[PDB]
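One structure is given here, and the rest of the page talks about it.
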Amino acid sequence: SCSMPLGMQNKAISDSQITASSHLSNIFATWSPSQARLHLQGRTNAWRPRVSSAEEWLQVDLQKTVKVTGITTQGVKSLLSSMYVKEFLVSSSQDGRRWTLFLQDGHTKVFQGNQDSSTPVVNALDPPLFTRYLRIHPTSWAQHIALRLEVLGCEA
């Protein structure tokens with residue numbers, strides 16, 4: 001049914017394949033892009049950008065052409081702060097240079113994401129993407145932008 005996890009949770013997608021516009025790092029903590037893995041626990045267990053704006057993104061390089069059929073998102077709780085992305089855009093690319101924004105009915109698609117810090121939310125991509133690179137662009141968030149991710153799809 002072409003909807004299998006492509007490797008964020010299980011590390012089939014390696015740390016070096018995940019990058020971002022920026023990330024939050026100070027002398028105790030780094031919320032690195034490679035922490036953006038679905039269901040990850042332990043310390044600083046999500047990606048957070050250096051500052052929360054609408055110009056940030058999390059990028060995954062799948063390293064080959066994949067049929068991408070969906071994206072799963074999750075927030076994170078840190079101390080008293082419950083953080084999650086409420087809405088986001090998706091862009092994609094074959095070369096990592098030229099990006100195509102995901103549309104619905106000819107217009108920019110706003111994906112409805114999370115409404116808490118721990119529940120995963122699956123979003124279908126219709127039409128599906130045949131692509132190598134994906135970016136998630138947060139456009140609305142609670143408290144701060146934080147992301148744990150899975151990408152769903154299959155070979156061909």
Side-chain angles (χ1 to χ4, degrees), residues 1-24 31-40 45-76 83-156:
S1 53
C2 198
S3 72
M4 289 310 287
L6 295 171
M8 299 294 283
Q9 184 177 357
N10 68 22
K11 273 187 132 184
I13 295 169
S14 77
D15 289 347
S16 302
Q17 291 169 247
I18 309 165
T19 57
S21 52
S22 72
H23 63 274
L24 183 59
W31 301 84
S32 318
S34 58
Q35 292 294 88
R37 300 184 182 273
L38 207 73
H39 302 299
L40 181 68
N45 53 323
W47 168 70
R48 297 176 58 183
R50 174 193 91 87
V51 292
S52 294
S53 73
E55 302 164 356
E56 307 287 337
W57 45 261
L58 188 291
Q59 174 173 308
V60 180
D61 178 9
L62 298 169
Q63 289 179 341
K64 66 195 172 177
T65 300
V66 179
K67 181 180 172 174
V68 181
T69 57
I71 285 161
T72 308
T73 60
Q74 206 172 21
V76 82
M83 296 171 283
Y84 47 96
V85 172
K86 291 193 274 186
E87 293 177 341
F88 60 91
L89 316 180
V90 169
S91 66
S92 59
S93 182
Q94 315 297 341
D95 60 3
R97 304 174 195 173
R98 191 197 61 249
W99 298 83
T100 299
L101 190 65
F102 195 99
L103 307 182
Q104 183 185 7
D105 294 326
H107 309 294
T108 304
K109 182 174 180 60
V110 175
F111 291 82
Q112 293 298 314
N114 296 103
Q115 59 182 55
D116 65 21
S117 290
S118 73
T119 304
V121 169
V122 176
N123 264 290
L125 298 186
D126 187 17
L129 296 178
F130 291 80
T131 193
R132 176 176 164 171
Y133 295 83
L134 268 193
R135 281 177 179 176
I136 306 300
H137 304 261
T139 54
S140 189
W141 53 91
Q143 309 298 310
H144 308 277
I145 295 169
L147 263 186
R148 284 180 289 171
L149 184 73
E150 185 59 85
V151 186
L152 308 172
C154 65
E155 260 239 76

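One-based numbering along the sequence shown.
The backbone N or O of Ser14 lies less than 3.5 Å from a partner atom in the side chain of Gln17, making a donor-acceptor pair. Between the side chain of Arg148 and the main chain of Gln35, no donor-acceptor pair closer than 3.5 Å is present. Without hydrogens or angle criteria, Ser117 side chain to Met83 main chain gives a donor-acceptor distance under 3.5 Å.
The side-chain heavy atoms of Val51 and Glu56, taken from C-beta on, include a pair separated by under 4.5 Å.
For the side chain to side chain contact (heavy atoms under 4.5 Å, CB included) with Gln74, the qualifying choice from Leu38, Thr119, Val85 is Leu38, the only one to do so.
Interatomic distance, CG of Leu101 versus OG1 of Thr108, reported as 4.5 Å (0.5 Å rounding). Distance check: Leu125 CG to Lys67 NZ gives 11.0 Å after rounding to the nearest 0.5 Å.
Closest of all the heavy-atom pairs between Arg97 and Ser93 is N-OG, 3.7 Å.
Evaluation of the salt bridge (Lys or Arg N to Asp or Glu O under 4.0 Å) rule for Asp95 yields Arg98 as partners, not counting sequence neighbours. Every residue two or more places apart in sequence or in another chain that forms a side-chain hydrogen bond (donor to acceptor under 3.5 Å, both in side chains) with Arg37 is listed here: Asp15.
Using a 30° and 60° split on the angle between ring planes, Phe88 and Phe111 fall in the parallel class, below 30°.
Shown here is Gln94, whose CD atom has more than 12 heavy atoms of other residues, nucleotides or ligands within 6.0 Å.
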